[PDB]
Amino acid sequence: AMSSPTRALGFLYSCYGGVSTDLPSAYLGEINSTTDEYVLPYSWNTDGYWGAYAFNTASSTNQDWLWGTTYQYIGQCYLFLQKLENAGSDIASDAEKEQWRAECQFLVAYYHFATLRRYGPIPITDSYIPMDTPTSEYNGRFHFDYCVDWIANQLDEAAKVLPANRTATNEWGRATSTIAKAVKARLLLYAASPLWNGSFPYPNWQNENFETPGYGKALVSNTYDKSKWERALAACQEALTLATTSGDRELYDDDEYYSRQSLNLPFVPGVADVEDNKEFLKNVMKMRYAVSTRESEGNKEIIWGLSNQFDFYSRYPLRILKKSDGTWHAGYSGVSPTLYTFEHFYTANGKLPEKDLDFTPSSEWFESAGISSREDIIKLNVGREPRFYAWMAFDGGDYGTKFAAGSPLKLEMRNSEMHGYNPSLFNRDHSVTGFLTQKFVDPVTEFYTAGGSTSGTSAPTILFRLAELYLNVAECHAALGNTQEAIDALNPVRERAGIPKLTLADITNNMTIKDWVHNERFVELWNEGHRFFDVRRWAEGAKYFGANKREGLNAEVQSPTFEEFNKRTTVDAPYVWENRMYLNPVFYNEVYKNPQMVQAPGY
């Protein structure tokens, strides 16, 4: 696709340039910092787009135009393909051309999907568009179900050609059949969901002067279609089977990496480092490593990951460690897990705290657990599942392993001169809720008194991993009424996390199979850029993202007593949900420039 093999390869490489769009876990990104998982300080709303999307002040002139990027790279793909058709065998063999075409095909499909999941019905662009094209020829949005069918067919075509697995040798992760099928699986699952399968809030939203074959001017189905779940199940089953066979993927299950890295097991309240507790404590560290390790470190769970990194300082506590020069290593402490998060991670028995007969009643959750020398730890934070201690952090508990000059950092969230609220000292920065997260934080992370620090070796940012494929299959079985099979899909994820398996006995009028799947997803994929899309596709924006839903402790008052601090407090920022927020508004200019384009409803 130009004047030499090296040139053409470089051109192909540039086609992958858009895959970091809506990067998971980047704290300024709206798909990350606008959900009920966690909140950022309201004063941080001047930075990035998260504020606009969280508080419903996004508009056609105040938006994240990722559409611009995705169609930019789609064009780059078809431009490549066009040049490659005129390319001789001195550029690439026929077999290699086929590979390159499949890579571009996958990319075009993925880029469309990345646009679809944010904007809804989109124009299908399946060729290079010369800029002297008459505006009357521009495609408008195609009906959502038309879009789904095309993307799915494009992913299936690419999967026929692409290899199922590749060796990780550098930072360029090229497409596989495994990735193609996993994208399709997530696509069809989304398509079968309430928002796109019977619960779209604007049933009369439609095209004005553009037709979709099979649908006329309609844009979204307004009627439940069970066949969508049937096709989603088959797609999810296929993706899982492929990944676990020639994809050579398996859930990360190493219990001893911490040991090979010369680390101590973590402090967990009520679970002392003794022989009878080793399994639990080792599960805690396993779950820390599960989302912070390379394939070369032994992780074979990641299906698609990127070299692109995201910031950690935003989740670190305020004062980390006093250097020998008297100044402090410091974090921003802004990523602030909600009570919703602290109430929906499981108990040690694999149940919701509220539902668990063997767990503290909600009336006592904010009382001290009375743990000697760690009296700040409340009862809610004792007796939980390994994933909770792996990924969360709280007053009186530890942050990290080697964090503060080789030792774990004890959190003092009520201390205005350590990790607590104090605008005069820390300016904008503080935990909004009194909690923190340490997900993705490398256990080897260490700040040095002499200055400097290490965050250990870097890890890919996950786009797709295998645990998701289990959860997807589980969700399809649940929708179809296949209760045992839904349970069978959830259980490998539960067992790996060190909580009990579900049986039919666990499925009741107090905890349905759909409850279990959705909560397993909330936990396992926490802060991996899913909750944004999942709450939307489930059409539960009002329920989880609405005004006053977000809660935490009394963490925005200076130097509170234990009793003042530990009180359920509504997060004090103008969060709202309105139905227009299901969709990303189209850039003002695009709506103006394309006569066949319609704006999202309410924008």
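Residue numbers here begin at 1 and follow the sequence given.
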- Segment of higher mean CA temperature factor, 280-288 or 520-528: 280-288
- Report the stretch with the higher mean CA temperature factor, choosing between 81-89 and 366-374 on the basis of the entry. 81-89
- Task: Pick out which of 488, 301, 275, 103 has the highest C-alpha B-factor in the PDB entry.
- Result: 275
- Task: Compare the CA B factors listed in the entry for 342, 196, 210, 447 and report the winner.
- Result: 210
- Give the position of residue 540 by CA B-factor within its chain, expressed as the lowest, middle or highest third. middle
- Sorting the chain's CA B-factors, does residue 250 end up in the lowest, middle or highest third? highest
- By the record's CA B-factor, is residue 573 among the lowest, middle or highest third of residues in the chain? highest
- Message: Is residue 393 in the lowest, middle or highest third of its chain when residues are ranked by C-alpha B-factor?
- Response: lowest
- Relative to the other modelled residues of the same chain, rank the CA B-factor of residue 562 and answer lowest, middle or highest third. highest
